[PDB]
Amino acid sequence: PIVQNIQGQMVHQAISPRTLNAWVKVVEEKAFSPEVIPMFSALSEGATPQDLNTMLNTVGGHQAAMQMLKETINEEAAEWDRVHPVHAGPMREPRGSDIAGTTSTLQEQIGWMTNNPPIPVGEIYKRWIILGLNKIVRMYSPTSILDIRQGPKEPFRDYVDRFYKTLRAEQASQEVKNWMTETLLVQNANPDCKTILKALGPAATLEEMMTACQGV
Amino acid sequence: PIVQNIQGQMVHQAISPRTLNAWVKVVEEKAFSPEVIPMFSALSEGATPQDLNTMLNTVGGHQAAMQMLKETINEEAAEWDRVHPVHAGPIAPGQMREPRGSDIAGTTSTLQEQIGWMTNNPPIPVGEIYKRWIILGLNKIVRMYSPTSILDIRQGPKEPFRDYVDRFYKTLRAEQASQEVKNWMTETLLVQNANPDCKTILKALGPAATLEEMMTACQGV
Ligand SMILES: [Fe+3]
Ligand SMILES: [Fe+3]
Ligand SMILES: [Fe+3]
Ligand SMILES: [Fe+3]
Ligand SMILES: [Fe+3]
Ligand SMILES: [Fe+3]
Ligand SMILES: [Fe+3]
Ligand SMILES: [Fe+3]
Ligand SMILES: [Fe+3]
Ligand SMILES: [Fe+3]
Ligand SMILES: [Fe+3]
Ligand SMILES: [Fe+3]
Ligand SMILES: [Fe+3]
Ligand SMILES: [Fe+3]
Ligand SMILES: [Fe+3]
Ligand SMILES: [Fe+3]
Ligand SMILES: [Fe+3]
Ligand SMILES: [Fe+3]
Ligand SMILES: [Fe+3]
Ligand SMILES: [Fe+3]
Ligand SMILES: [Fe+3]
Ligand SMILES: [Fe+3]
Ligand SMILES: [Fe+3]
Ligand code: NA
């Protein structure tokens, strides 16, 4: 975080090791639950980008999640760069990587955050990190198939492929994944295909289903 | 923009008629100057997407410019959506559905939603994001209409002169400049901005060389 000293200067305040301790525990206990996001946002109140990164590599053991977070950060950074075109000539305005803390110093971070007008790089980067965590949660959650729907015009075989791919990426028990495939494949098919599929009979299986809806 | 009740709610306050009148005056007076952009940014501080659209409706009579803003906005909105794909799953009680491009442009979103995004912890700064799109648009407008745009049209060292001529004239046509300025552009800047080898050939032509004669002279240079 940031604190004002008696000179008026805005200076760094380390995130308490007890705040870090609490963050690692939340992750150990609730990893991939949506509850992680609000906790992260509260834990990281007032964070500079460096603070955010301190928090991030404290759970660095989540190699798979970390690569996904980073790919998402890179994407938001590029979008920032897009809508804030650079301008040479001559504090510099931050690029995406400066907001992510990769190409900026702590001093520069404090400088943007407390400038006039201020550029809240801490809040921007926290939002980007939230986008990454949401992606991860969403991909891993059983809830990801409950809401899948075959498009109104979507070819049934395309839908099937998407269905199984989404299911495969979920971290869920086999019993739940089996219940989903047996129930929700036909249940979440579009209006026109559903009708066709139900009329086949309860013993109808995947290949007959795809032939029956082929063309629609 | 956004203000807090004594009862603690973040509510919307319309842009002041004096801020609006100032912005309208800036556009009236500062035609298409680079100066418009910094002013627009100052005047639109804190604006929600609704407020930004309010400012634009006030200067909407500039139809060719509004058309340019529309195309920019549609383009940026389309990229936002590519970067932010729709996610159909349920929204957790402590999450907030992300805005779409059209939500940011204020088209498919409500003031209440805009305020909900803007004041989230941390924000989803839809006012600032939409403001950036508008600014991208304004920069494209000034760059297109300003007589300044042709000045950096320079023939490449290996560019066929006919291609350079096309670029030059296309840029010329799209500018809002007086005829006497455009006459200087065609009669002197075109040669001025030719590459070293073509310029030397062009400058050794007669008093009344026609553009067709120029193209003939510089073919394969
Ligand atoms: Fe914060
Ligand atoms: Fe990457
Ligand atoms: Fe961004
Ligand atoms: Fe701050
Ligand atoms: Fe700024
Ligand atoms: Fe910040
Ligand atoms: Fe988000
Ligand atoms: Fe197939
Ligand atoms: Fe699969
Ligand atoms: Fe069914
Ligand atoms: Fe088909
Ligand atoms: Fe605000
Ligand atoms: Fe106002
Ligand atoms: Fe000036
Ligand atoms: Fe409008
Ligand atoms: Fe969505
Ligand atoms: Fe959130
Ligand atoms: Fe409201
Ligand atoms: Fe965002
Ligand atoms: Fe905003
Ligand atoms: Fe912002
Ligand atoms: Fe310009
Ligand atoms: Fe070339
Ligand atoms: Na980056």
# chains A, B, ... in the order shown; residues from 1 in each chain; ligands from 1
>>> residues_near_ligand(ligand="ligand 15", cutoff="7 Å", atoms="only C-alpha atoms and all ligand atoms", output="list in words")
residues 53, 54, 56 and 57 of chain B
>>> interface_residues(of="chain B", to="chain A", cutoff="7 Å", atoms="only C-alpha atoms", output="PyMOL selection string")
chain B and resi 88-89+92+94+122+132-133
>>> write_last_selection(atoms="N, CA and C atoms", output="PDB file, in the first residue's frame")
ATOM      1  N   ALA B  88     -21.758 -17.411 -20.312  1.00  0.00           N
ATOM      2  CA  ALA B  88     -23.175 -17.669 -20.060  1.00  0.00           C
ATOM      3  C   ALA B  88     -23.522 -18.141 -18.643  1.00  0.00           C
ATOM      4  N   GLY B  89     -22.540 -18.680 -17.922  1.00  0.00           N
ATOM      5  CA  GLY B  89     -22.766 -19.221 -16.587  1.00  0.00           C
ATOM      6  C   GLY B  89     -23.432 -18.262 -15.612  1.00  0.00           C
ATOM      7  N   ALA B  92     -21.872 -15.204  -9.613  1.00  0.00           N
ATOM      8  CA  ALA B  92     -21.811 -15.406  -8.169  1.00  0.00           C
ATOM      9  C   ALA B  92     -22.320 -14.162  -7.456  1.00  0.00           C
ATOM     10  N   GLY B  94     -21.233 -12.275  -5.423  1.00  0.00           N
ATOM     11  CA  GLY B  94     -20.228 -11.263  -5.138  1.00  0.00           C
ATOM     12  C   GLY B  94     -19.452 -10.842  -6.372  1.00  0.00           C
ATOM     13  N   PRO B 122     -12.467  -3.319  -7.355  1.00  0.00           N
ATOM     14  CA  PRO B 122     -12.033  -2.096  -8.049  1.00  0.00           C
ATOM     15  C   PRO B 122     -12.987  -1.717  -9.190  1.00  0.00           C
ATOM     16  N   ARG B 132     -11.786   7.034 -23.863  1.00  0.00           N
ATOM     17  CA  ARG B 132     -10.689   6.643 -24.751  1.00  0.00           C
ATOM     18  C   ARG B 132     -11.142   6.337 -26.194  1.00  0.00           C
ATOM     19  N   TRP B 133     -12.249   5.624 -26.371  1.00  0.00           N
ATOM     20  CA  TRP B 133     -12.706   5.344 -27.748  1.00  0.00           C
ATOM     21  C   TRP B 133     -13.025   6.649 -28.489  1.00  0.00           C
TER      22      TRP B 133
END
>>> residues_near_ligand(ligand="ligand 4", cutoff="8 Å", atoms="only C-alpha atoms and all ligand atoms", output="PDB file with N, CA and C atoms, in the first residue's frame")
ATOM      1  N   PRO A   1       0.806  -1.224   0.000  1.00  0.00           N
ATOM      2  CA  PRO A   1       0.000   0.000   0.000  1.00  0.00           C
ATOM      3  C   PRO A   1       0.841   1.277   0.000  1.00  0.00           C
ATOM      4  N   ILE A   2       0.165   2.415   0.175  1.00  0.00           N
ATOM      5  CA  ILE A   2       0.798   3.733   0.197  1.00  0.00           C
ATOM      6  C   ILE A   2       0.407   4.522   1.448  1.00  0.00           C
ATOM      7  N   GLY A  46      -5.710  -0.968  -1.548  1.00  0.00           N
ATOM      8  CA  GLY A  46      -4.662   0.040  -1.649  1.00  0.00           C
ATOM      9  C   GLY A  46      -3.357  -0.401  -2.286  1.00  0.00           C
ATOM     10  N   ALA A  47      -3.372  -1.586  -2.885  1.00  0.00           N
ATOM     11  CA  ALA A  47      -2.166  -2.201  -3.424  1.00  0.00           C
ATOM     12  C   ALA A  47      -1.579  -1.413  -4.595  1.00  0.00           C
ATOM     13  N   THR A  48      -0.258  -1.236  -4.586  1.00  0.00           N
ATOM     14  CA  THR A  48       0.466  -0.909  -5.815  1.00  0.00           C
ATOM     15  C   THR A  48       0.568  -2.195  -6.637  1.00  0.00           C
ATOM     16  N   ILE A 110       3.867   4.473  -7.478  1.00  0.00           N
ATOM     17  CA  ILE A 110       3.399   5.459  -6.508  1.00  0.00           C
ATOM     18  C   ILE A 110       3.174   6.808  -7.183  1.00  0.00           C
ATOM     19  N   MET A 113      -0.120   6.781  -9.229  1.00  0.00           N
ATOM     20  CA  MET A 113      -1.276   6.609  -8.338  1.00  0.00           C
ATOM     21  C   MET A 113      -1.623   7.885  -7.571  1.00  0.00           C
ATOM     22  N   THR A 114      -0.614   8.712  -7.329  1.00  0.00           N
ATOM     23  CA  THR A 114      -0.781   9.900  -6.499  1.00  0.00           C
ATOM     24  C   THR A 114      -0.584  11.190  -7.296  1.00  0.00           C
ATOM     25  N   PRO A 120      -4.867   5.322 -11.591  1.00  0.00           N
ATOM     26  CA  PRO A 120      -4.885   4.313 -10.523  1.00  0.00           C
ATOM     27  C   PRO A 120      -4.360   2.956 -11.003  1.00  0.00           C
ATOM     28  N   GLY A 122      -2.792   0.627  -9.589  1.00  0.00           N
ATOM     29  CA  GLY A 122      -3.067  -0.473  -8.680  1.00  0.00           C
ATOM     30  C   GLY A 122      -4.435  -1.076  -8.918  1.00  0.00           C
TER      31      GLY A 122
END
>>> closest_residue(among="A:129, A:189, A:196, A:184", to="ligand 7", atoms="only C-alpha atoms and all ligand atoms")
A:129
>>> residues_around(residues="region 45-48 of chain B", least_positions_apart="6", cutoff="7 Å", atoms="only C-alpha atoms", output="PyMOL selection string")
chain B and resi 1+114+127
>>> residues_near_ligand(ligand="ligand 9", cutoff="8 Å", atoms="only C-alpha atoms and all ligand atoms", output="mmCIF file with N, CA and C atoms, in the first residue's frame")
data_model
loop_
_atom_site.group_PDB
_atom_site.id
_atom_site.type_symbol
_atom_site.label_atom_id
_atom_site.label_comp_id
_atom_site.auth_asym_id
_atom_site.auth_seq_id
_atom_site.Cartn_x
_atom_site.Cartn_y
_atom_site.Cartn_z
ATOM 1 N N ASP A 161 -19.397 -30.910 -29.858
ATOM 2 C CA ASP A 161 -17.964 -30.782 -29.672
ATOM 3 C C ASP A 161 -17.642 -29.785 -28.571
ATOM 4 N N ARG A 162 -18.229 -28.592 -28.663
ATOM 5 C CA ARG A 162 -18.141 -27.559 -27.627
ATOM 6 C C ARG A 162 -18.548 -28.063 -26.231
ATOM 7 N N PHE A 163 -19.630 -28.837 -26.175
ATOM 8 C CA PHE A 163 -20.152 -29.368 -24.902
ATOM 9 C C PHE A 163 -19.093 -30.203 -24.192
ATOM 10 N N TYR A 164 -18.572 -31.197 -24.897
ATOM 11 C CA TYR A 164 -17.586 -32.081 -24.310
ATOM 12 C C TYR A 164 -16.283 -31.354 -23.977
ATOM 13 N N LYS A 165 -15.868 -30.410 -24.824
ATOM 14 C CA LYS A 165 -14.648 -29.638 -24.571
ATOM 15 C C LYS A 165 -14.753 -28.815 -23.293
ATOM 16 N N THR A 166 -15.929 -28.240 -23.065
ATOM 17 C CA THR A 166 -16.205 -27.442 -21.865
ATOM 18 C C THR A 166 -16.246 -28.337 -20.631
ATOM 19 N N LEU A 167 -16.870 -29.492 -20.790
ATOM 20 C CA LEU A 167 -16.948 -30.484 -19.732
ATOM 21 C C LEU A 167 -15.555 -31.001 -19.371
ATOM 22 N N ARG A 168 -14.717 -31.199 -20.386
ATOM 23 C CA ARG A 168 -13.405 -31.798 -20.161
ATOM 24 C C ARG A 168 -12.505 -30.881 -19.336
#
>>> residues_near_ligand(ligand="ligand 2", cutoff="10 Å", atoms="only C-alpha atoms and all ligand atoms", output="MDAnalysis selection string")
chainID A and resid 67:75
>>> atom_distance(atom1="CA of residue 15 (chain B)", atom2="CA of residue 64 (chain B)")
25.2 Å
>>> atom_distance(atom1="CA of residue 106 (chain A)", atom2="CA of residue 43 (chain A)")
19.2 Å
>>> residues_around(residues="residue 26 (chain A)", least_positions_apart="3", cutoff="9 Å", atoms="only C-alpha atoms", output="PyMOL selection string")
chain A and resi 21-23+29-31+35-36+39-40
>>> residues_near_ligand(ligand="ligand 10", cutoff="8 Å", atoms="only C-alpha atoms and all ligand atoms", output="list in words")
residues 183, 184, 186, 187, 188, 194 and 198 of chain A
>>> residues_near_ligand(ligand="ligand 20", cutoff="6 Å", atoms="only C-alpha atoms and all ligand atoms", output="list in words")
residues 118, 125, 126, 127 and 128 of chain B
>>> residues_near_ligand(ligand="ligand 14", cutoff="10 Å", atoms="only C-alpha atoms and all ligand atoms", output="CSV table (one decimal) with N, CA, C and O atoms, in the first residue's frame")
chain,number,residue,atom,x,y,z
B,33,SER,N,-9.3,21.5,-34.4
B,33,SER,CA,-7.9,21.7,-33.9
B,33,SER,C,-7.6,20.5,-33.0
B,33,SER,O,-8.4,20.0,-32.3
B,34,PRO,N,-6.3,20.2,-32.9
B,34,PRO,CA,-5.7,19.3,-31.9
B,34,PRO,C,-6.1,19.7,-30.5
B,34,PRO,O,-6.3,18.9,-29.6
B,35,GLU,N,-6.3,21.0,-30.4
B,35,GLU,CA,-6.8,21.7,-29.1
B,35,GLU,C,-8.1,21.1,-28.6
B,35,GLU,O,-8.4,21.2,-27.4
>>> select_by_dssp(residues="region 10-171 of chain A", states="helix (DSSP H, G or I)", output="ChimeraX atom specification")
/A:17-30,36-43,49-59,63-83,96-99,106-113,121-140,143-146,156-169
>>> residues_around(residues="residue 209 (chain A)", least_positions_apart="2", cutoff="10 Å", atoms="only C-alpha atoms", output="PDB file with N, CA, C and O atoms, in the first residue's frame")
ATOM      1  N   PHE A 156     -25.696 -29.080 -34.675  1.00  0.00           N
ATOM      2  CA  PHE A 156     -25.711 -29.932 -33.482  1.00  0.00           C
ATOM      3  C   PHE A 156     -24.364 -30.602 -33.211  1.00  0.00           C
ATOM      4  O   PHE A 156     -23.917 -30.658 -32.066  1.00  0.00           O
ATOM      5  N   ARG A 157     -23.708 -31.090 -34.267  1.00  0.00           N
ATOM      6  CA  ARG A 157     -22.362 -31.648 -34.112  1.00  0.00           C
ATOM      7  C   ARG A 157     -21.327 -30.617 -33.615  1.00  0.00           C
ATOM      8  O   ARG A 157     -20.372 -30.993 -32.935  1.00  0.00           O
ATOM      9  N   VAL A 186     -28.801 -33.257 -24.310  1.00  0.00           N
ATOM     10  CA  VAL A 186     -30.097 -33.091 -24.962  1.00  0.00           C
ATOM     11  C   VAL A 186     -30.896 -31.958 -24.324  1.00  0.00           C
ATOM     12  O   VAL A 186     -31.566 -31.205 -25.024  1.00  0.00           O
ATOM     13  N   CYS A 193     -33.910 -28.803 -32.359  1.00  0.00           N
ATOM     14  CA  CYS A 193     -33.196 -30.071 -32.289  1.00  0.00           C
ATOM     15  C   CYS A 193     -33.717 -30.932 -31.146  1.00  0.00           C
ATOM     16  O   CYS A 193     -33.903 -32.142 -31.299  1.00  0.00           O
ATOM     17  N   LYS A 194     -33.951 -30.291 -30.005  1.00  0.00           N
ATOM     18  CA  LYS A 194     -34.551 -30.936 -28.843  1.00  0.00           C
ATOM     19  C   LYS A 194     -35.704 -31.831 -29.254  1.00  0.00           C
ATOM     20  O   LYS A 194     -35.685 -33.044 -29.019  1.00  0.00           O
ATOM     21  N   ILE A 196     -36.652 -33.076 -32.033  1.00  0.00           N
ATOM     22  CA  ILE A 196     -36.163 -34.221 -32.795  1.00  0.00           C
ATOM     23  C   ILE A 196     -35.577 -35.307 -31.894  1.00  0.00           C
ATOM     24  O   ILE A 196     -35.877 -36.487 -32.067  1.00  0.00           O
ATOM     25  N   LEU A 197     -34.741 -34.889 -30.943  1.00  0.00           N
ATOM     26  CA  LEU A 197     -33.981 -35.808 -30.094  1.00  0.00           C
ATOM     27  C   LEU A 197     -34.829 -36.568 -29.078  1.00  0.00           C
ATOM     28  O   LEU A 197     -34.612 -37.759 -28.850  1.00  0.00           O
ATOM     29  N   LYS A 198     -35.793 -35.882 -28.475  1.00  0.00           N
ATOM     30  CA  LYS A 198     -36.695 -36.524 -27.525  1.00  0.00           C
ATOM     31  C   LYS A 198     -37.534 -37.621 -28.197  1.00  0.00           C
ATOM     32  O   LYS A 198     -37.764 -38.681 -27.614  1.00  0.00           O
ATOM     33  N   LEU A 200     -36.792 -39.611 -30.428  1.00  0.00           N
ATOM     34  CA  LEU A 200     -35.992 -40.786 -30.766  1.00  0.00           C
ATOM     35  C   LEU A 200     -36.210 -41.941 -29.792  1.00  0.00           C
ATOM     36  O   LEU A 200     -36.171 -43.105 -30.180  1.00  0.00           O
ATOM     37  N   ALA A 204     -31.943 -43.902 -27.189  1.00  0.00           N
ATOM     38  CA  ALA A 204     -31.209 -43.293 -28.286  1.00  0.00           C
ATOM     39  C   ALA A 204     -29.848 -42.854 -27.749  1.00  0.00           C
ATOM     40  O   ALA A 204     -29.738 -42.464 -26.593  1.00  0.00           O
ATOM     41  N   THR A 205     -28.807 -42.946 -28.568  1.00  0.00           N
ATOM     42  CA  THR A 205     -27.476 -42.558 -28.110  1.00  0.00           C
ATOM     43  C   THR A 205     -26.820 -41.533 -29.037  1.00  0.00           C
ATOM     44  O   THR A 205     -27.414 -41.093 -30.024  1.00  0.00           O
ATOM     45  N   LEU A 206     -25.579 -41.175 -28.726  1.00  0.00           N
ATOM     46  CA  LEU A 206     -24.947 -40.019 -29.349  1.00  0.00           C
ATOM     47  C   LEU A 206     -24.955 -40.003 -30.889  1.00  0.00           C
ATOM     48  O   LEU A 206     -25.373 -39.010 -31.482  1.00  0.00           O
ATOM     49  N   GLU A 207     -24.502 -41.081 -31.533  1.00  0.00           N
ATOM     50  CA  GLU A 207     -24.375 -41.071 -32.997  1.00  0.00           C
ATOM     51  C   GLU A 207     -25.719 -40.944 -33.736  1.00  0.00           C
ATOM     52  O   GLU A 207     -25.829 -40.190 -34.704  1.00  0.00           O
ATOM     53  N   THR A 211     -26.979 -37.710 -36.258  1.00  0.00           N
ATOM     54  CA  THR A 211     -27.582 -37.938 -37.563  1.00  0.00           C
ATOM     55  C   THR A 211     -28.997 -37.380 -37.637  1.00  0.00           C
ATOM     56  O   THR A 211     -29.387 -36.799 -38.650  1.00  0.00           O
ATOM     57  N   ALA A 212     -29.762 -37.554 -36.565  1.00  0.00           N
ATOM     58  CA  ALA A 212     -31.136 -37.074 -36.539  1.00  0.00           C
ATOM     59  C   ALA A 212     -31.245 -35.552 -36.646  1.00  0.00           C
ATOM     60  O   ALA A 212     -32.179 -35.040 -37.271  1.00  0.00           O
ATOM     61  N   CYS A 213     -30.311 -34.829 -36.025  1.00  0.00           N
ATOM     62  CA  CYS A 213     -30.320 -33.366 -36.100  1.00  0.00           C
ATOM     63  C   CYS A 213     -29.468 -32.784 -37.249  1.00  0.00           C
ATOM     64  O   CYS A 213     -29.500 -31.580 -37.502  1.00  0.00           O
ATOM     65  N   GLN A 214     -28.716 -33.635 -37.941  1.00  0.00           N
ATOM     66  CA  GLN A 214     -27.891 -33.178 -39.058  1.00  0.00           C
ATOM     67  C   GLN A 214     -28.716 -32.413 -40.089  1.00  0.00           C
ATOM     68  O   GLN A 214     -29.758 -32.884 -40.541  1.00  0.00           O
TER      69      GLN A 214
END
>>> residues_near_ligand(ligand="ligand 13", cutoff="7 Å", atoms="only C-alpha atoms and all ligand atoms", output="ChimeraX atom specification")
/B:14-16,19
>>> residues_around(residues="residue 202 (chain B)", least_positions_apart="6", cutoff="12 Å", atoms="only C-alpha atoms", output="PyMOL selection string")
chain B and resi 161+187-188+190-196+208-219+221
>>> decode(residues="region 121-145 of chain A", atoms="N, CA and C atoms", output="PDB file, in the first residue's frame")
ATOM      1  N   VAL A 121      -3.055   2.865 -11.205  1.00  0.00           N
ATOM      2  CA  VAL A 121      -2.518   1.639 -11.794  1.00  0.00           C
ATOM      3  C   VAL A 121      -2.710   0.413 -10.893  1.00  0.00           C
ATOM      4  N   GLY A 122      -2.792   0.627  -9.589  1.00  0.00           N
ATOM      5  CA  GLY A 122      -3.067  -0.473  -8.680  1.00  0.00           C
ATOM      6  C   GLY A 122      -4.435  -1.076  -8.918  1.00  0.00           C
ATOM      7  N   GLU A 123      -5.433  -0.225  -9.132  1.00  0.00           N
ATOM      8  CA  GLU A 123      -6.811  -0.689  -9.298  1.00  0.00           C
ATOM      9  C   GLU A 123      -7.016  -1.281 -10.673  1.00  0.00           C
ATOM     10  N   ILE A 124      -6.337  -0.717 -11.655  1.00  0.00           N
ATOM     11  CA  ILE A 124      -6.410  -1.233 -13.012  1.00  0.00           C
ATOM     12  C   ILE A 124      -5.887  -2.666 -13.079  1.00  0.00           C
ATOM     13  N   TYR A 125      -4.708  -2.879 -12.514  1.00  0.00           N
ATOM     14  CA  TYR A 125      -4.074  -4.189 -12.513  1.00  0.00           C
ATOM     15  C   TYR A 125      -4.854  -5.219 -11.686  1.00  0.00           C
ATOM     16  N   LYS A 126      -5.461  -4.774 -10.583  1.00  0.00           N
ATOM     17  CA  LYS A 126      -6.304  -5.655  -9.736  1.00  0.00           C
ATOM     18  C   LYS A 126      -7.489  -6.133 -10.545  1.00  0.00           C
ATOM     19  N   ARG A 127      -8.118  -5.213 -11.267  1.00  0.00           N
ATOM     20  CA  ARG A 127      -9.191  -5.577 -12.202  1.00  0.00           C
ATOM     21  C   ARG A 127      -8.737  -6.592 -13.256  1.00  0.00           C
ATOM     22  N   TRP A 128      -7.559  -6.385 -13.847  1.00  0.00           N
ATOM     23  CA  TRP A 128      -7.047  -7.338 -14.820  1.00  0.00           C
ATOM     24  C   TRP A 128      -6.842  -8.707 -14.170  1.00  0.00           C
ATOM     25  N   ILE A 129      -6.297  -8.702 -12.956  1.00  0.00           N
ATOM     26  CA  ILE A 129      -6.068  -9.936 -12.242  1.00  0.00           C
ATOM     27  C   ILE A 129      -7.416 -10.607 -11.923  1.00  0.00           C
ATOM     28  N   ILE A 130      -8.412  -9.815 -11.543  1.00  0.00           N
ATOM     29  CA  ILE A 130      -9.754 -10.371 -11.320  1.00  0.00           C
ATOM     30  C   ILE A 130     -10.303 -11.055 -12.590  1.00  0.00           C
ATOM     31  N   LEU A 131     -10.069 -10.463 -13.760  1.00  0.00           N
ATOM     32  CA  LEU A 131     -10.499 -11.077 -15.016  1.00  0.00           C
ATOM     33  C   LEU A 131      -9.898 -12.462 -15.192  1.00  0.00           C
ATOM     34  N   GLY A 132      -8.621 -12.589 -14.842  1.00  0.00           N
ATOM     35  CA  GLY A 132      -7.919 -13.858 -14.906  1.00  0.00           C
ATOM     36  C   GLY A 132      -8.466 -14.889 -13.938  1.00  0.00           C
ATOM     37  N   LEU A 133      -8.727 -14.464 -12.706  1.00  0.00           N
ATOM     38  CA  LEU A 133      -9.250 -15.400 -11.714  1.00  0.00           C
ATOM     39  C   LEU A 133     -10.641 -15.867 -12.093  1.00  0.00           C
ATOM     40  N   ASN A 134     -11.469 -14.948 -12.580  1.00  0.00           N
ATOM     41  CA  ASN A 134     -12.811 -15.317 -13.026  1.00  0.00           C
ATOM     42  C   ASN A 134     -12.792 -16.334 -14.160  1.00  0.00           C
ATOM     43  N   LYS A 135     -11.904 -16.134 -15.123  1.00  0.00           N
ATOM     44  CA  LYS A 135     -11.719 -17.101 -16.200  1.00  0.00           C
ATOM     45  C   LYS A 135     -11.406 -18.491 -15.655  1.00  0.00           C
ATOM     46  N   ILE A 136     -10.461 -18.543 -14.723  1.00  0.00           N
ATOM     47  CA  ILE A 136     -10.047 -19.802 -14.126  1.00  0.00           C
ATOM     48  C   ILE A 136     -11.222 -20.449 -13.395  1.00  0.00           C
ATOM     49  N   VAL A 137     -11.851 -19.705 -12.490  1.00  0.00           N
ATOM     50  CA  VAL A 137     -13.008 -20.235 -11.730  1.00  0.00           C
ATOM     51  C   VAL A 137     -14.063 -20.820 -12.661  1.00  0.00           C
ATOM     52  N   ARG A 138     -14.443 -20.007 -13.645  1.00  0.00           N
ATOM     53  CA  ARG A 138     -15.463 -20.329 -14.633  1.00  0.00           C
ATOM     54  C   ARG A 138     -15.119 -21.573 -15.439  1.00  0.00           C
ATOM     55  N   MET A 139     -13.849 -21.722 -15.787  1.00  0.00           N
ATOM     56  CA  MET A 139     -13.438 -22.871 -16.572  1.00  0.00           C
ATOM     57  C   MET A 139     -13.524 -24.143 -15.741  1.00  0.00           C
ATOM     58  N   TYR A 140     -13.184 -24.035 -14.457  1.00  0.00           N
ATOM     59  CA  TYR A 140     -13.092 -25.207 -13.592  1.00  0.00           C
ATOM     60  C   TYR A 140     -14.414 -25.613 -12.960  1.00  0.00           C
ATOM     61  N   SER A 141     -15.355 -24.677 -12.894  1.00  0.00           N
ATOM     62  CA  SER A 141     -16.618 -24.860 -12.187  1.00  0.00           C
ATOM     63  C   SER A 141     -17.604 -25.760 -12.943  1.00  0.00           C
ATOM     64  N   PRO A 142     -18.247 -26.683 -12.213  1.00  0.00           N
ATOM     65  CA  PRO A 142     -19.325 -27.489 -12.794  1.00  0.00           C
ATOM     66  C   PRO A 142     -20.415 -26.598 -13.390  1.00  0.00           C
ATOM     67  N   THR A 143     -20.552 -25.380 -12.881  1.00  0.00           N
ATOM     68  CA  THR A 143     -21.608 -24.505 -13.374  1.00  0.00           C
ATOM     69  C   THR A 143     -21.418 -24.144 -14.845  1.00  0.00           C
ATOM     70  N   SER A 144     -20.241 -24.434 -15.388  1.00  0.00           N
ATOM     71  CA  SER A 144     -19.926 -24.044 -16.764  1.00  0.00           C
ATOM     72  C   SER A 144     -20.762 -24.756 -17.840  1.00  0.00           C
ATOM     73  N   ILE A 145     -21.237 -25.966 -17.553  1.00  0.00           N
ATOM     74  CA  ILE A 145     -22.066 -26.719 -18.497  1.00  0.00           C
ATOM     75  C   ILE A 145     -23.560 -26.486 -18.256  1.00  0.00           C
TER      76      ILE A 145
END
